[PDB]
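Chemist: Structural data only, the sequence is not supplied:
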């Protein structure tokens, strides 16, 4: 599923991501835009052999199990394919753990390079 911008904002808010760990809703929408372009099915392989899954590009070395990643820890206790669902619940629950791990939203490289320090409120402008 490719979410609309305000559609994803409403879903992230209903799931408790707005202001979670101090990160306003626009930070999360901006992160999803640049990690997956709002596409729940997005997958991308990394040079270390891991793969990133879903709307928030959650990694198979630390967070989810994909069965093909050396040194996998599966800290979210979830198959990586579950993070590709049209229902974002599993991605939100895992992202809440990632953002609590010590580095905040710096865990998302696209957030650090394309959202951090910008006017993130623009990503929720116009939404009701």
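Modeler: Yep, that arrived. Numbers count the residues shown, from 1 in each chain.
Chemist: what are the ranges of the helices in the protein?
Modeler: Counting by DSSP state H, the chain has helices at residues 5-14, 25-36, 89-99, 109-114.
Chemist: In a markdown table: these, plus mean neighbour count and distance to residue 42.
Modeler: To be clear about C-beta, it is placed using only N, CA and C from the backbone, and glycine gets the same treatment. Shown next, in a markdown table, are the helices of the chain (neighbours: other CB atoms under 10 Å; distance: least, CB to CB, whole Å):
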| stretch | mean neighbour count | distance to residue 42 |
| --- | --- | --- |
| helix 5-14 | 18 | 13 |
| helix 25-36 | 24 | 4 |
| helix 89-99 | 20 | 11 |
| helix 109-114 | 16 | 12 |
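Chemist: of the ones you listed, which approaches residue 78 most closely?
Modeler: The closest approach between residue 78 and any of the helices of the chain, judged by CB to CB, belongs to helix 89-99 at 5.8 Å.
Chemist: now that closest one, how far from the centre of its chain.
Modeler: Here helix 89-99 is found 7 Å from its chain centre; the criterion is CA atoms, centre = their mean, to the nearest Å.
Chemist: Now render the helices of the chain as a markdown table, adding distance to residue 44.
Modeler: Converted to a markdown table, the helices of the chain look like this (distance: least, CB to CB, whole Å):
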| stretch | distance to residue 44 |
| --- | --- |
| helix 5-14 | 19 |
| helix 25-36 | 9 |
| helix 89-99 | 15 |
| helix 109-114 | 11 |
